[PDB]
Amino acid sequence: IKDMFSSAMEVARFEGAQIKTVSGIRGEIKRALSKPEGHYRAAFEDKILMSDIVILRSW
Amino acid sequence: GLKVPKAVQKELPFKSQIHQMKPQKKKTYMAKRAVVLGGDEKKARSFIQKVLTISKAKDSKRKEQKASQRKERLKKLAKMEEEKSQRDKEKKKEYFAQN
Amino acid sequence: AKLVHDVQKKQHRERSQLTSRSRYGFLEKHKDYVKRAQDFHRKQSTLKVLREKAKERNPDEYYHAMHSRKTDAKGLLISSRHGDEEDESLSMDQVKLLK
Amino acid sequence: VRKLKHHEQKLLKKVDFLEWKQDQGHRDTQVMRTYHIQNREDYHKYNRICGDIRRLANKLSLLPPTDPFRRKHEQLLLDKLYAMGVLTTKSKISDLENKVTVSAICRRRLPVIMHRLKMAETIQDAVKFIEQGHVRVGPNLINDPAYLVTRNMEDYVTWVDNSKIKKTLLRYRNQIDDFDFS
Amino acid sequence: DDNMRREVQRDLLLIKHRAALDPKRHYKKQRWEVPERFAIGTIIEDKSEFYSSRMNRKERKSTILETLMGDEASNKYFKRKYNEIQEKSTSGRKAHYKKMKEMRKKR
Amino acid sequence: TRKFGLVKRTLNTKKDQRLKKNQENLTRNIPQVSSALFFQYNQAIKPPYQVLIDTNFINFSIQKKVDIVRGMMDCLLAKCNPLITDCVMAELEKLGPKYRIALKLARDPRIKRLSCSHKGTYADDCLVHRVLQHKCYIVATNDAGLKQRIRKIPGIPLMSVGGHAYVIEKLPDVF
Amino acid sequence: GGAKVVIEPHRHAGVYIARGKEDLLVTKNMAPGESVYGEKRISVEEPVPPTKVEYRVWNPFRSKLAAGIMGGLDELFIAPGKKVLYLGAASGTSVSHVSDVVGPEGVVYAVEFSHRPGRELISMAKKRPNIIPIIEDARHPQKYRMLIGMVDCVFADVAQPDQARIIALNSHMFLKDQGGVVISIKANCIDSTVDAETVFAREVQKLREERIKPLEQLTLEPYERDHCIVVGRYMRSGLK
Amino acid sequence: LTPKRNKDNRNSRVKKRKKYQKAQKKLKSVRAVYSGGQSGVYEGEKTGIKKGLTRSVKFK
RNA sequence: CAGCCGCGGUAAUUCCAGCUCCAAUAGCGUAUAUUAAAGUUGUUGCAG
Ligand SMILES: [Zn+2]
């Protein structure tokens, strides 16, 4: 997942959070990728598409 | 479509064999021989095709609309039958409670 | 609608794909995802059924139709694309008459 | 015999040339048309076996529930009837009157397990093949259809080699090796 | 014979699919498979009344198909209905899929 | 050069037509709803009405002391023709010598009488058949089962002894 | 008007359906080459060369029997080898269609009482030889008991209030046992003080009182208001 | 806060004019209604002829 | 289960066109009490 964070520190702050696509596919962020900074690895209920947007509902 | 793998489909039973016929790459003699008629016959062919697809799409529209009709008739019919069965199982308990 | 207002059961409209993210056309929503997912699941179900039949082939399986039906080099099934009431190769006097 | 008239249906009703009382609904005829038994009297030489096991299961029920002779012989009978595959499990001794059937002791015959594991495609063609002498259980050929099998030998029901229908199915799947002579 | 069924085999299709020839006619639901014995016949309108049911000498034809092909309002309706059935049937199948892929690829 | 899998030929109880249970070797019919009917109105019946009586209606008439033709007339406020079918009459005669009063009140020249043509004396079957054939009949009855049959078939008015006079239900022009 | 139809046999033997875009009830023509009351015709070329045989359109608004056929009657008794006694053969309108349904090997006795319809009946029965025109009152079957013997179906298109007596007399004289009795009842011409269902119920009761078991009735409503066809068979012993 | 209501409900007479027109259009579906006889030339049945269906009331 | 609550937005929005249908109609709901209908018994229902 590309750009909801600006740094791996930010993703480290937000690890384990539950996200979802706009299709309601639930998911969880797992680990920040190393070289592209705000990019991370998430796991979903099944295969999401390239035309989706993930969402971290915070308050 | 369902693309069953070759490693699976070579090891299938005899009944479960998948009849998949290959396309033809050679201009065979019967196909290069066979005559098609033109003008009035090709517009007759075009007309019969248009008529048959309009008939088939009209039938598919009609049966889809009947499916949408009868699922909601099933819904209201099941609601009325549930209300009826509730009334029966309380009237039976009334009858036996009096007798 | 027993105690509901018609200004309360309004129509919430659905949102489109962002114009920056527009080359991946049509942001898909939950009805599109369930149309995707149940298609994938029925195709995986029939693939799993065919894999189980391949595991339980029982290679001492004789039919009488495995005299006529035959198998190509890779092991798959040859399905003759012409007929099965005709013959693909026609005789010399038939070719004489057609020519 | 003449589809009798009405004063005829009434005057004699118990007349029936086709089906008598002691036919028991022709269950012998029906089950041998089902499982395609060649000669007669196989049904009744199975029915004697069914009657004998329900009779000795009755007198094993008669003996008191504490002696090891009784309990060893009923577990031995239950294990032997499992070992010849008449049953499908080692359950209650009530299944020795509910579940032993002349049907199931015909189910353990050689053509019907052949149709069961799809070696043939009908029981008639199975009896065709094993009268023509193509199959074997382990090493030895089987000629008669009266050879029923045990629970161990539903794995080595296979044709013989040089059986040409085995050769036709091998050349169907074009896995036809011929160093192994079939 | 089959030699004559191969001549009247098209207007029997028209009579089988009567229900989608005119958009206002709406027959009662039968199936009408091809009957085993039939006969193709031509209507004699007599020489008593004129001009009402009279199809003239200059427009009498030899099948039902030539009359339906000569009808120009039916040709309008069949072409229009066929184009809308066509563009409904090719709505999202393969040209759409590869133009979506080219949309992804172009940038 | 014999055949293989040779069997003894026996008879096939599934197939042989010489025995009795194997002696069992299209045009639809959807009867149109009557042109006498609107949706459930029965727009065609008009006075003088004609009313089919049955046995418990006669018994309840005598038990409640209502005259047949005068009770019908002040129930419907119209001129009535009451009809005893031969099966209703057969049922009243079969009721025995306890019901002599009811039988010789059904024997009345003011009560006309039909001629049913069937076997048996089942008046409920006869009344139901001849009313769902024709829809020009009022059914006067007090059987609960016959009342349910008649009020389930549409366009048929039903009369019944209730209280001390006759009542009528499915006739929509009573006042 | 010059179009082409396909002829197809009906369920009823001897009558046909011509399918086009409007389908027509159709009979074969016993006298080919002319129309009798101005109906339209269909000429097929059936296969010495093929011969042009032709067919006549049966108009349900000018024939109670055709209205009954195409409303749907389970059994007509007018059949292709039979004898029909037509009562009230008011002209040659329906008698021609009954005649060529019955065919060349069967006989239609067309009974009519008026005389100018009788003249047209005789001039039609010239070109249809299987019609015996009988100019006589049907209320006295003895006046023509010498000309007719043992019919198979009676058809009654009389429009008189003593209809059931006429039908009963002609059936008891000339109909055979388990033969056909087809009645066209007109409610307004029987009596108009009662409703149509009352007069149909009374006429059916009169038929079974004269021992003709009714099998079937049909209202034939889109073509005629307050008409009916009652199809029965002459049971003669045991309606039960 | 009322629901959306009907212009045909705003007049008690026009509502029964338009639910009787609906009723006598439904009556053509259940029965076969005598429309008035033959209008012009007899064109044909215009809707089909079923040779299998018999819509006649059998007795008992 | 439900849903006037959605990212923005209130001069903003133009939206299942204001969702569809039904019945009565200058009338139309709700709560409570009720009247009528017959299955009206042939005995024994407690701790007397
Ligand atoms: Zn009766």
# chains A, B, ... in the order shown; residues from 1 in each chain; ligands from 1

call {"tool": "interface_residues", "arguments": {"of": "chain E", "to": "chain C", "cutoff": "12 Å", "atoms": "only C-alpha atoms", "output": "list in words"}}
result
residues 96, 97, 98, 99, 100, 101, 102, 103, 104, 105, 106 and 107 of chain E

call {"tool": "residues_around", "arguments": {"residues": "residue 38 (chain E)", "least_positions_apart": "6", "cutoff": "7 Å", "atoms": "only C-alpha atoms (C1' of nucleotides)", "output": "list in words"}}
result
residues 6, 7 and 8 of chain G

call {"tool": "residues_near_ligand", "arguments": {"ligand": "ligand 1", "cutoff": "9 Å", "atoms": "only C-alpha atoms (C1' of nucleotides) and all ligand atoms", "output": "PyMOL selection string"}}
result
chain F and resi 84-90+114-127+130

call {"tool": "closest_atom_pairs", "arguments": {"of": "chain F", "to": "chain D", "cutoff": "6 Å", "atoms": "only C-alpha atoms", "output": "JSON lines"}}
result
{"residue": "F:4", "atom": "CA", "partner": "D:128", "partner_atom": "CA", "distance": 5.9}
{"residue": "F:5", "atom": "CA", "partner": "D:128", "partner_atom": "CA", "distance": 5.7}
{"residue": "F:7", "atom": "CA", "partner": "D:38", "partner_atom": "CA", "distance": 5.5}

call {"tool": "write_last_selection", "arguments": {"atoms": "N, CA, C and O atoms", "output": "short mmCIF file (atom, residue, chain, number, x, y, z; two decimals), in the first residue's frame"}}
result
data_model
loop_
_atom_site.label_atom_id
_atom_site.label_comp_id
_atom_site.auth_asym_id
_atom_site.auth_seq_id
_atom_site.Cartn_x
_atom_site.Cartn_y
_atom_site.Cartn_z
N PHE F 4 -22.41 -65.52 -23.69
CA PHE F 4 -21.81 -65.35 -22.38
C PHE F 4 -22.80 -64.73 -21.42
O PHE F 4 -23.67 -63.95 -21.82
N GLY F 5 -22.63 -65.04 -20.14
CA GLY F 5 -23.54 -64.58 -19.12
C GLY F 5 -24.92 -65.14 -19.32
O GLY F 5 -25.91 -64.40 -19.34
N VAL F 7 -28.37 -66.94 -18.61
CA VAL F 7 -29.25 -66.96 -17.45
C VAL F 7 -30.45 -67.84 -17.75
O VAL F 7 -30.75 -68.16 -18.90
#

call {"tool": "residues_around", "arguments": {"residues": "residue 13 (chain E)", "least_positions_apart": "3", "cutoff": "10 Å", "atoms": "only C-alpha atoms (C1' of nucleotides)", "output": "list in words"}}
result
residues 48, 51 and 52 of chain B; 8, 9, 10, 16, 17, 18, 33, 34 and 65 of chain E

call {"tool": "write_last_selection", "arguments": {"atoms": "C-alpha atoms", "output": "mmCIF file, in the first residue's frame"}}
result
data_model
loop_
_atom_site.group_PDB
_atom_site.id
_atom_site.type_symbol
_atom_site.label_atom_id
_atom_site.label_comp_id
_atom_site.auth_asym_id
_atom_site.auth_seq_id
_atom_site.Cartn_x
_atom_site.Cartn_y
_atom_site.Cartn_z
ATOM 1 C CA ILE B 48 -33.537 -14.494 -40.059
ATOM 2 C CA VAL B 51 -35.526 -12.090 -36.011
ATOM 3 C CA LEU B 52 -34.136 -15.027 -34.036
ATOM 4 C CA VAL E 8 -40.217 -23.596 -46.466
ATOM 5 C CA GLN E 9 -37.754 -23.905 -43.582
ATOM 6 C CA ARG E 10 -37.497 -20.129 -43.132
ATOM 7 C CA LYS E 16 -42.362 -20.124 -34.722
ATOM 8 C CA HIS E 17 -40.965 -16.716 -33.719
ATOM 9 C CA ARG E 18 -44.100 -14.721 -34.519
ATOM 10 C CA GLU E 33 -42.878 -27.075 -33.014
ATOM 11 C CA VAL E 34 -43.012 -27.876 -36.738
ATOM 12 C CA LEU E 65 -40.133 -13.772 -45.599
#

call {"tool": "closest_residue", "arguments": {"among": "I:25, I:3, I:47, I:31", "to": "residue 11 (chain H)", "atoms": "only C-alpha atoms (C1' of nucleotides)"}}
result
I:25

call {"tool": "interface_residues", "arguments": {"of": "chain F", "to": "chain G", "cutoff": "10 Å", "atoms": "only C-alpha atoms", "output": "PDB file with C-alpha atoms, in the first residue's frame"}}
result
ATOM      1  CA  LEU F  26     -52.355 -34.175 -24.387  1.00  0.00           C
ATOM      2  CA  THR F  27     -55.377 -31.879 -24.162  1.00  0.00           C
ATOM      3  CA  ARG F  28     -55.565 -29.635 -21.109  1.00  0.00           C
ATOM      4  CA  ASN F  29     -58.768 -28.176 -19.707  1.00  0.00           C
ATOM      5  CA  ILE F  30     -58.802 -24.849 -17.898  1.00  0.00           C
ATOM      6  CA  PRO F  31     -62.473 -23.951 -17.336  1.00  0.00           C
ATOM      7  CA  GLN F  32     -63.038 -20.264 -17.891  1.00  0.00           C
ATOM      8  CA  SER F  34     -68.022 -17.477 -15.679  1.00  0.00           C
ATOM      9  CA  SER F  35     -69.350 -14.590 -17.726  1.00  0.00           C
ATOM     10  CA  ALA F  36     -71.963 -14.166 -14.985  1.00  0.00           C
ATOM     11  CA  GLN F  43     -73.655  -9.559 -11.516  1.00  0.00           C
ATOM     12  CA  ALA F  44     -76.122 -11.838 -13.288  1.00  0.00           C
ATOM     13  CA  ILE F  45     -78.373 -13.257 -10.572  1.00  0.00           C
ATOM     14  CA  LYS F  46     -81.627 -11.384 -10.184  1.00  0.00           C
ATOM     15  CA  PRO F  47     -84.927 -12.042  -8.437  1.00  0.00           C
ATOM     16  CA  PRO F  48     -86.807 -14.466  -8.620  1.00  0.00           C
ATOM     17  CA  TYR F  49     -83.989 -16.256  -6.829  1.00  0.00           C
ATOM     18  CA  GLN F  50     -83.711 -20.003  -6.638  1.00  0.00           C
ATOM     19  CA  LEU F 114     -84.783 -30.980  -9.147  1.00  0.00           C
ATOM     20  CA  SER F 115     -83.746 -34.352 -10.531  1.00  0.00           C
ATOM     21  CA  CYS F 116     -80.138 -35.240  -9.834  1.00  0.00           C
ATOM     22  CA  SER F 117     -78.589 -37.857 -12.120  1.00  0.00           C
ATOM     23  CA  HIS F 118     -75.805 -39.685 -10.314  1.00  0.00           C
ATOM     24  CA  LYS F 119     -75.267 -42.691  -8.121  1.00  0.00           C
ATOM     25  CA  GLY F 120     -75.360 -42.328  -4.366  1.00  0.00           C
ATOM     26  CA  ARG F 130     -74.418 -28.200  -9.632  1.00  0.00           C
ATOM     27  CA  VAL F 131     -73.615 -24.815  -8.133  1.00  0.00           C
ATOM     28  CA  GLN F 133     -71.321 -25.580 -12.856  1.00  0.00           C
ATOM     29  CA  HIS F 134     -73.885 -22.825 -13.200  1.00  0.00           C
ATOM     30  CA  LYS F 135     -73.603 -19.922 -10.654  1.00  0.00           C
ATOM     31  CA  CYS F 136     -77.352 -19.181 -10.752  1.00  0.00           C
ATOM     32  CA  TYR F 137     -78.098 -20.675  -7.358  1.00  0.00           C
TER      33      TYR F 137
END
